[PDB]
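Structure 1 and structure 2 below are two forms of the same protein chain, each written out on its own as structure tokens.
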Structure 1
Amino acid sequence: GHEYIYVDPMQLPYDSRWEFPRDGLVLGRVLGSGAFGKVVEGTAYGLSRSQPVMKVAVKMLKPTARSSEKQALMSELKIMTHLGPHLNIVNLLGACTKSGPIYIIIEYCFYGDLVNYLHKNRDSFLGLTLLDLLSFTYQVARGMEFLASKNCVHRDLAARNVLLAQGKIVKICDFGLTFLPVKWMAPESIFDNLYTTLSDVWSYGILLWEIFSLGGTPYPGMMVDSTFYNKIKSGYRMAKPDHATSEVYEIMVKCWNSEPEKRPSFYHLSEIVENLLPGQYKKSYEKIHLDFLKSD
């Protein structure tokens, strides 16, 4: 087996088929700021056949960029290209890699992160409807089932990183390569430092609690501290959210099995959520899925 080796995307040569002109691209208002790294609204001219002028977002390093930070961006780009495109993740459109700082052009989602959108329509939720919640839950499952398929572990699945595009299509992000999102991590991920696809299912069960309580902080009123860990190890789990059907809560509780092997697959989760949804939505989703693959 000296023969079979692991193909590490970050070593494979960059594909310049991606590369896009910098006089073709206009920067814009900042959308989000990372510790290092930032995103921006963008306008690209000639980037797409489908749209001559289109609205993007660009990821760029902050001005204080150590070189090491510089490679991280390229690696993410290489990881992105390798992953391929899927409907439920924020796809790569182009990148600028020569004669300047690196820019990765990503899809732009009009609504924004699920947390803000949910807060906005909390009142309108009887208007935002239960099916709407179910629609998102299904596409978070589908997107992840794609990600796991590529052996990609997100490590930070949550609502702030679920985005809602035009067409109410949810796109996940930051799936590409310390303070840790403790409320969202599986036990093995906190105690054992084990990050896997089965621990992203945990985070997903936390994401649903986020959804169905219409944007509620996980473990509200509970501050992470020694007692919090002593609770989680002992098996403590959040109660049912107010707006979640008995059926869905069952879905979370499955996601929070102390044993990882016991947690359902994303592929499995897509299925459970599909039977919670009108048949016409599954039709709507496939037509949209085809159309996306046909864009450009």
Structure 2
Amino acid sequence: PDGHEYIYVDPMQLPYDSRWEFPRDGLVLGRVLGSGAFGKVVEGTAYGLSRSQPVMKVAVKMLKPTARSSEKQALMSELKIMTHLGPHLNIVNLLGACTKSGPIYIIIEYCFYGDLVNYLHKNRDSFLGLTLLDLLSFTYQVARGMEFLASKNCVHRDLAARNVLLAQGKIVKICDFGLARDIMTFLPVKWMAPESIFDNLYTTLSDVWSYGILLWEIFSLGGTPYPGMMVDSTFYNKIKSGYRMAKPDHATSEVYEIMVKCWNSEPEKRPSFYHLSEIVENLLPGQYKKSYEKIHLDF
């Protein structure tokens, strides 16, 4: 800090804009989309949330009655981050919330095709329909969305294929900001950088490590990272020594080269999400680049 005049703007301290508030009785709760020990996401129908769509399908993140304060305070914090983030094409964007007079409801875009893990398991036989160019489009859009998070000093801390969703028009959207921290329990260690596991250090650079693991998931068509390996003292010794995963079945040399850079042991030698977007842009048609900025512009 150059002087006392220059303050860090903490999103937790910022007031809640009531333009996000949506009446609880304009919301119909439908089938479960995801579930946990003390929380769940359900499908919903929102009446009067959008002028363009007076009756529009959405998804609703909510806690179970089993939840007990610790998860309740965090769900409120997850809402503060999403309100201060602003919108982006490749983020499941916040639509509204039910914060008054009862449990917290977070209302987000519904994504037609679901998570990338199950989406690729379905389309395995289609692969050799779903092409390799599709996987590169998924790879590129995640890099743009993480570039957006990093530009807002937002560390996702749980980037993976399960938290990447596919919406209408094959538009990739990153979801689940429950672990998201503004820079300065049970953990997804197989997606975590060594300095995260060992030194509790989470940066945008440790997201890049997780981006590498996500890349492996995509080009293994939904495979389990480090398959057959239990996470134990020997696993931590291999990760720390320098063990990496072998190239998956369908990735090219250029694509495996990206994972290798993402898994560099020195966090500062890993590439930026800006440079990662530039690299993947080469590996795609030029029609794609103009086709993306037109979608990004209209949004």
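All residue numbers here refer to structure 1's sequence, counted from 1. Each form is matched to the other, and the largest set of C-alpha atoms that superpose within 1.5 Å is called the rigid core.
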(request) Please find the residue from 227, 234, 246, 68 showing a Cα shift of 2 angstroms or more between structures 1 and 2, rigid core superposed. (result) 68
(message) For residue 267, does the CA position differ by 2 Å or more between structures 1 and 2 when the superposition is done on the rigid core?
(response) no
(message) Superpose the two forms on the rigid core and tell me the Cα shift of residue 23 between structures 1 and 2 in angstrom.
(response) 2.3
(request) Provide the displacement, in Å, of the CA of residue 52 between structures 1 and 2, taking the core as the superposition reference. (result) 1.8
